[PDB]
Amino acid sequence: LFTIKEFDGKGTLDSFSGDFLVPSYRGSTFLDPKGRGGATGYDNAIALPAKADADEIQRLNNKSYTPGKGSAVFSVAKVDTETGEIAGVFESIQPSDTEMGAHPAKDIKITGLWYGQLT
Amino acid sequence: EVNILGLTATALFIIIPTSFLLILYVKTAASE
Amino acid sequence: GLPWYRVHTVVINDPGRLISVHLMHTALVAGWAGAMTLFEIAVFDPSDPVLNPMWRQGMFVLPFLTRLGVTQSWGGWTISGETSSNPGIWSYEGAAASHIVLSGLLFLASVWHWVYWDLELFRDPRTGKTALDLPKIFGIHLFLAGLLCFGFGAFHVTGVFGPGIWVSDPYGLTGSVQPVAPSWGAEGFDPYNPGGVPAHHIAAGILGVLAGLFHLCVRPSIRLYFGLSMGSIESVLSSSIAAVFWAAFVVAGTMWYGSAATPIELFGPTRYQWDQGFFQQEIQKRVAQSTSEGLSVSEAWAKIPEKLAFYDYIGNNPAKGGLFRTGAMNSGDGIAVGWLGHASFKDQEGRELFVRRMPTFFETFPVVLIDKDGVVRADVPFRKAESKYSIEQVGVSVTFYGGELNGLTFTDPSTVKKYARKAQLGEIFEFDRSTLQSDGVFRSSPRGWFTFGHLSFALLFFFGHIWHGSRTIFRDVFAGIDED
Amino acid sequence: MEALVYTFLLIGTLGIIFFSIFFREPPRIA
Amino acid sequence: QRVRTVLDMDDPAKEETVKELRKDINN
Amino acid sequence: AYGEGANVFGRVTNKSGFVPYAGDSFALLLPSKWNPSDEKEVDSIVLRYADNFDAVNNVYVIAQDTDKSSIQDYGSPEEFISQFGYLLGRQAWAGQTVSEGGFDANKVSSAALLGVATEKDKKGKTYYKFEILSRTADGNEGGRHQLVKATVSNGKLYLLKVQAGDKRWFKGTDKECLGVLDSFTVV
Ligand code: CLA
Ligand code: CLA
Ligand code: CLA
Ligand code: CLA
Ligand code: CLA
Ligand code: CLA
Ligand code: CLA
Ligand SMILES: CCCCCCCCCCCCCCCC(=O)OC[C@H](COP(=O)(O)OC[C@@H](O)CO)OC(=O)CCCCCCCCCCCCCCC
Ligand SMILES: CC1=C(/C=C/C(C)=C/C=C/C(C)=C/C=C/C=C(C)/C=C/C=C(C)/C=C/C2=C(C)CCCC2(C)C)C(C)(C)CCC1
Ligand SMILES: CC1=C(/C=C/C(C)=C\C=C\C(C)=C\C=C\C=C(C)\C=C\C=C(C)\C=C\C2=C(C)CCCC2(C)C)C(C)(C)CCC1
Numbered sequence: 008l009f010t011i012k013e014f015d016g017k018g019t020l021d022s023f024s025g026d027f028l029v030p031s032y033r034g035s036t037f038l039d040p041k042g043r044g045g046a047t048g049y050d051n052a053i054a055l056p057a058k059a060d061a062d063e064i065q066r067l068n069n070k071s072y073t074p075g076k077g078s079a080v081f082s083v084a085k086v087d088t089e090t091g092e093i094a095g096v097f098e099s100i101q102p103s104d105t106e107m108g109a110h111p112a113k114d115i116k117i118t119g120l121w122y123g124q125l126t
Numbered sequence: 010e011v012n013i014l015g016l017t018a019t020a021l022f023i024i025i026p027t028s029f030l031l032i033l034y035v036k037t038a039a040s041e
Numbered sequence: 080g081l082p083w084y085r086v087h088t089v090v091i092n093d094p095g096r097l098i099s100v101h102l103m104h105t106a107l108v109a110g111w112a113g114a115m116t117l118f119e120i121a122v123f124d125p126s127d128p129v130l131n132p133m134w135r136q137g138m139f140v141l142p143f144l145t146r147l148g149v150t151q152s153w154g155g156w157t158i159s160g161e162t163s164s165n166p167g168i169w170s171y172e173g174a175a176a177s178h179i180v181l182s183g184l185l186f187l188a189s190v191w192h193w194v195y196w197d198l199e200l201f202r203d204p205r206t207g208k209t210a211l212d213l214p215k216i217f218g219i220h221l222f223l224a225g226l227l228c229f230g231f232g233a234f235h236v237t238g239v240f241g242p243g244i245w246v247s248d249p250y251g252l253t254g255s256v257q258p259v260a261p262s263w264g265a266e267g268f269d270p271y272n273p274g275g276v277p278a279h280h281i282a283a284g285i286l287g288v289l290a291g292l293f294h295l296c297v298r299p300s301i302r303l304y305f306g307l308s309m310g311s312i313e314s315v316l317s318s319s320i321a322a323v324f325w326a327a328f329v330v331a332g333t334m335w336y337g338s339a340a341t342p343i344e345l346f347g348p349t350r351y352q353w354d355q356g357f358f359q360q361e362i363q364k365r366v367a368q369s370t371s372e373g374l375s376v377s378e379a380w381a382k383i384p385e386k387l388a389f390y391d392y393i394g395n396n397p398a399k400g401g402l403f404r405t406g407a408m409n410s411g412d413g414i415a416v417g418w419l420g421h422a423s424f425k426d427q428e429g430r431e432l433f434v435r436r437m438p439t440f441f442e443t444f445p446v447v448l449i450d451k452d453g454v455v456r457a458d459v460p461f462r463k464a465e466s467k468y469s470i471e472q473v474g475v476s477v478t479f480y481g482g483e484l485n486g487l488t489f490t491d492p493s494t495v496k497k498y499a500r501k502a503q504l505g506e507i508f509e510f511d512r513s514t515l516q517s518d519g520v521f522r523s524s525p526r527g528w529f530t531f532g533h534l535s536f537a538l539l540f541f542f543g544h545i546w547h548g549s550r551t552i553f554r555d556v557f558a559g560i561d562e563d
Numbered sequence: 005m006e007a008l009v010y011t012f013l014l015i016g017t018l019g020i021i022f023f024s025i026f027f028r029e030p031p032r033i034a
Numbered sequence: 047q048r049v050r051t052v053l054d055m056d057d058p059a060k061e062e063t064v065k066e067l068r069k070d071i072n073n
Numbered sequence: 004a005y006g007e008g009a010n011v012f013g014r015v016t017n018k019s020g021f022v023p024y025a026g027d028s029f030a031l032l033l034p035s036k037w038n039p040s041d042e043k044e045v046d047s048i049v050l051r052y053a054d055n056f057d058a059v060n061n062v063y064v065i066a067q068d069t070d071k072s073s074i075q076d077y078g079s080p081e082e083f084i085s086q087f088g089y090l091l092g093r094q095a096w097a098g099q100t101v102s103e104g105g106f107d108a109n110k111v112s113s114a115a116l117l118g119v120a121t122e123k124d125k126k127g128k129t130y131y132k133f134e135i136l137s138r139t140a141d142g143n144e145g146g147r148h149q150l151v152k153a154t155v156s157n158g159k160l161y162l163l164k165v166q167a168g169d170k171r172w173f174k175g176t177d178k179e180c181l182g183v184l185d186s187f188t189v190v
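Chains as they are written, first to last, in my numbering: chain C, 8 to 126; chain U, 10 to 41; chain W, 80 to 563; chain D, 5 to 34; chain P, 47 to 73; chain V, 4 to 190.
Structure, rendered in structure tokens:
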């Protein structure tokens, strides 16, 4: 989930960085292929009535949707004076999707251009 | 609780050459 | 040449080679009986007769061996939990070896009849051509069948010479091979009365002996002979196949609905016993009788036998497995090792809730806990965002009153929901799923497998009888009418 | 099974030697 | 003992019981 | 049974789609299409009717023994519905989530007030009337409309609560829900 939501920026015009909120990827109302979920779902191996022991806890019991956080660094280039239009570049680091909390997330590096109009 | 890999090996080693030899003997005796 | 679906018609007008191929089939069937018995003895685990019985291990021919008398083996064990006395020659392995020796002897006889087929016994003295006096053969065979039926009913099952048959408790707690006194009244037609089997076999053997004597002494009429084509072997083939799938439908029906010849301790419980609350009602009646007179809870439930609680469990349901869920029932959901107890649920303020049991039609069922009056009071909800029925807000607690869990009360965590989900399947039992690497999905009983195989074979033999009756009534047009 | 396979193989060998003794081809040319 | 309570005891768990399906006219 | 002729040229006996119900010191017009159901969520429920099509469209009244003499003594109607934020159903999920969309942090359900009234019928005792749009994070039925008509006559609080999914509410079940709402008269 490529986000920049709730991001604060501290630093100079040449480079300013900070942290932003990263949501899960899926809401708690999302159901897996077997119908299990968080807020709504099965939270149990419905396919077979003899497998709910302390090995499917990572898949059934946890169902975590705890948000992560990411760090992005920005830079201001090509400023405009007459109408206040800035367009620099950015580099963002943020965790990937943990699906439903089953496996740990990788780190995604996102580089590109950003644009803004100041009033 | 049955060594079925060994059972399969023994059964195939019995069935395949015995059937092969029996087929050869039958086709030899059918046409003298 | 001949088509591949006609190669067996070479022995239609060859009585000697017909006897040869019958002997070959008989040898194959006896050899299968011996080999199957030895396979089931090799894979059988006689350690726990109460909680891991033969029907939980996928045993097929061992219940049929047991039903007519053999109980102990050459290994020194007996299926009843007793340690073996002298087994003699007729143990499980002894019966299997006898079947194997019989198979070899029948194989040799089949070879002899294949080689020596042109016996004068099969030749008609009046005309010189090959013929069979089928009404007389039927009379001889009916006399022998009646003699065998009368002997089996008057000497084996009555115990005057044989061991008897398997008689058990109405709830399948205590059962053993015992002699049975015949029941000559209307109660003898009770399917669950064990006394109706010796009386049936005695009366049917007497009547079969009388009918065999009648067919030995009396020739058929010309009209009936020509109408049924009694001089043809294809007609008796059609009639015999008809009687055979009639008997197959009958044995499938008695298999599925249970009878005195179908013991619970040998073939497993019944889906109608699960649906109709047989073991559950008996367990509740025993608990109520103990609680009303003296013994309180958690000690009255300890009076409940381990076998009855195992019977009251949907995993033992024959109508719960699958077509391709192959193997033993232990391979489905583990080997049962103990009874955790009766999961009793109470509300926060205090009133006993009950988990609605799963019917046989449902692969999965919602977990609900409803009141004594019959009103839903709690559940394991799917949406988990509404109403006043989720477990964590109703506040139900599970107490348990049995073997491993006798006073362990759980109220706060999701263990209550887990025990409720286990309680919708009946009595909660502890299972070992690592010995056989168990699947998790429920398997079928030998009763269910027997019923399925026999009903499928019964319809296939209905088609076979219809085809053969077609062929024996329409022989002139199946061969040729010669432009007329 | 374990002993059943051994018994089957032994009696198969015995049947083969019995057939070789009794139901052999008749000895031609000397 | 209490045939009325045990009938109600098996009332919630299973509605297909013989004890329920027999003599249901009086209830 | 008794023998009587079939209905030919005899018109129709019911077209309003509302059947009267008289209870313990209350009366209300139930929807004719709806049927009774024995599903007491809250134990104070004395009557419950639900739609045969979709049981989310349901109505029930509660008879709660109470202390306050009149409904005005329950304070402001906002203060009243703050007390009755328990018969909506608290969330059974306690995990962290900021991914629901359009909801407060860690929440999967919300309720929006759309009506506050003090209607009167025949004697002078006032009726607290409310409309609530309940939006759940899955969005089932597009939300649910809770219409609440509450009062106390002698010493027992009488609270109508008709429920309607926003899917059915937009189709035209609004007429029947409002009919039940206006027909709940406590006599
Ligand atoms: C009508 C007779 C009958 C019945 C009721 C049973 C019943 C049973 N047998 Mg048994 N068996 C039989 C005959 C029978 N058997 C015969 C004749 C043999 C000799 C070959 C065996 C050999 C045998 C062994 C070795 C074992 C069993 C086992 C079992 C038990 C496990 C369930 C099962 O069978 O798996 C499932 C059954 C099926 C899936 C049936 C197949 C459905 C159709 C017919 C398949 C269609 C065929 C298809 C066209 C072929 C294409 C497939 C191809 C791609 C591979 C069960 C109670 C097991 C056991 O519990 O150990 C004691 C065990 O391991 N049986
Ligand atoms: C068709 C009806 C019928 C059937 C199915 C049975 C079935 C059975 N009877 Mg029985 N019985 C019957 C009629 C029947 N009986 C009648 C009419 C009588 C009165 C005469 C008796 C009197 C009787 C007695 C007194 C006893 C039985 C016993 C038994 C049980 C084991 C013996 C057996 O038959 O193994 C199968 C037998 C065969 C397959 C015969 C094969 C013949 C072989 C090939 C000859 C080879 C020689 C030698 C035995 C080979 C060695 C084998 C091995 C050691 C190498 C078995 C369940 C015994 C028992 O109580 O069980 C413990 C017992 O002691 N029966
Ligand atoms: C000496 C003969 C003999 C003996 C004593 C036994 C004994 C036994 N056999 Mg067996 N068997 C034999 C010969 C014998 N067999 C032969 C020759 C074959 C090859 C066809 C077989 C093939 C065979 C198989 C496949 C199986 C056995 C099995 C068994 C065991 C249990 C039998 C049982 O309960 O099933 C019950 C027997 C019956 C239900 C027979 C009923 C007969 C029907 C109802 C006749 C109805 C039609 C009739 C013509 C009507 C007459 C009219 C009337 C008025 C008279 C038992 C120890 C079972 C076993 O556990 O393996 C070891 C098993 O599955 N046998
Ligand atoms: C399938 C054939 C069949 C056979 C061979 C028998 C044989 C027998 N039955 Mg039975 N019966 C049958 C079918 C059969 N029944 C059926 C289908 C039913 C209904 C479920 C009954 C209900 C029945 C009852 C209630 C009783 C018997 C009794 C008897 C025994 C003495 C009756 C008698 O003949 O004395 C002489 C008969 C009379 C003096 C008058 C006849 C009235 C009796 C009470 C009814 C029984 C008639 C019976 C059907 C006759 C069968 C004919 C057979 C003997 C050739 C006898 C051995 C009696 C018994 O238990 O023995 C102690 C007994 O009380 N039977
Ligand atoms: C007084 C002596 C006596 C006694 C006590 C008995 C006692 C008994 N006999 Mg019996 N009988 C006797 C004499 C006696 N008989 C005599 C002298 C004869 C003539 C030889 C018979 C012939 C006979 C037959 C043919 C049968 C019995 C059966 C029975 C049993 C019936 C109960 C049961 O098992 O379930 C109930 C049994 C049935 C409901 C079978 C009824 C037949 C139905 C209509 C078959 C329907 C299937 C058919 C293919 C239709 C197609 C269905 C479609 C969906 C495909 C019972 C214990 C039955 C049996 O073997 O038990 C398993 C049986 O079929 N007896
Ligand atoms: C005991 C019952 C029985 C018996 C004795 C016979 C006997 C015969 N049948 Mg018949 N049939 C039967 C039942 C029986 N059938 C049933 C139940 C059906 C319905 C499926 C049929 C349908 C049928 C047809 C359509 C035809 C025959 C034909 C024939 C005749 C010779 C053809 C032949 O078999 O070549 C050899 C057969 C084969 C090589 C088949 C290949 C093997 C199959 C595919 C698999 C075998 C399964 C397994 C190995 C055995 C287990 C089955 C067992 C458990 C039941 C022969 C006299 C033919 C005929 O009318 O004669 C001109 C003919 O066309 N039958
Ligand atoms: C699809 C049904 C059907 C058809 C078309 C046939 C057709 C045929 N059968 Mg056949 N049969 C059937 C079913 C059928 N059968 C069943 C279910 C059985 C019992 C297993 C038999 C047993 C049988 C035998 C033993 C024989 C035949 C034979 C024959 C052939 C000779 C003509 C004849 O007598 O027919 C049969 C006549 C009928 C099927 C009429 C049945 C009418 C019934 C009895 C009315 C009873 C109703 C009564 C109120 C009971 C209802 C109570 C209810 C609750 C159950 C013929 C081609 C003969 C043959 O050798 O083939 C050449 C032969 O001997 N059949
Ligand atoms: C373990 C013990 C032993 C195991 C048993 C082994 C069994 C061996 C034989 C079994 C196989 C039999 C071979 C049949 C050989 C065979 O079929 O031969 C074709 C045969 C035609 O026979 P004829 O009339 O030409 O006979 C004259 C001779 O030349 C043939 O013998 O057809 C039939 O007999 C039945 C008619 C339809 C049958 C064919 C149609 C099948 C449908 C296939 C559909 C495919 C596409 C489906 C897509 C939807
Ligand atoms: C010679 C001799 C002998 C003997 C030997 C032997 C050992 C034999 C055997 C044999 C055997 C051991 C046999 C067995 C068998 C088996 C069988 C016969 C089978 C089968 C099959 C079937 C029939 C199947 C069917 C099917 C299929 C196809 C698949 C699955 C399913 C079903 C079921 C469908 C001795 C030395 C002793 C002495 C004398 C002489
Ligand atoms: C020589 C002779 C002859 C011929 C005969 C015959 C032809 C026979 C046969 C036979 C047969 C036709 C057989 C068959 C069989 C079968 C078997 C023997 C089987 C089996 C079994 C098994 C072991 C299996 C197993 C399994 C299963 C169950 C499943 C899984 C997989 C498997 C496959 C492993 C005649 C009479 C002409 C003349 C005289 C002599």
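The beta-carbon is built from N, C-alpha and C at its ideal position, and this holds for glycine as well.
Closer than 6 Å: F143/W CB and nearest ligand 3 heavy atom: yes
Is DSSP giving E29/D helix, strand or coil here? coil
When you compare the segment 198–205 of chain W with the segment 107–114 of chain W, are there three or more beta-carbon pairs, one atom per stretch, that lie closer than 8 Å? no
For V239/W, count the other beta carbons within 10 Å of its own beta carbon; 16 or more makes it buried, fewer makes it exposed. Which is it? exposed
Could you have a look at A53/V and say whether DSSP puts it in helix, strand or coil? strand
Where the segment 455–488 of chain W meets chain V: residues whose CB sits under 9 Å from a CB there: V455, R456, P460, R462, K463, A464, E465, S466, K467, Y468, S469, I470, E471, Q472
Quick check: is any heavy atom of ligand 8 less than 6 Å from the C-beta of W111/W? no
Give the single residue among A140/V, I84/V, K126/V, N61/V whose Cα lies nearest to the Cα of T188/V. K126/V
Label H533/W either buried or exposed according to how many other C-beta atoms from any shown protein chain fall within 10 Å of its C-beta, with 16 as the threshold for buried. buried
Starting from the N-terminal side, write out each stretch of the alpha helix (DSSP H) that is 4 residues or longer and does not extend beyond the segment 272–321 of chain W. 275–296, 301–307
I'd like the ranges of any beta strand (DSSP E) spanning at least 3 consecutive residues and lying wholly in the segment 117–144 of chain V. 129–139
Residue from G160/W, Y390/W, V454/W with nearest C-alpha to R435/W: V454/W
Are any of the Cβ atoms in chain W nearer than 7 Å to that of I53/C? yes
Within-7 Å CB hit, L185/W to chain D: no
Going by the beta-carbon positions, is the gap between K128/V and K152/V smaller than 7 Å? no
Got a sec, what are the start and stop residues for the alpha helix (DSSP H) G230/W sits in? 213–230
Using a C-beta cutoff of 7 Å, does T105/C count as contacting chain W? no
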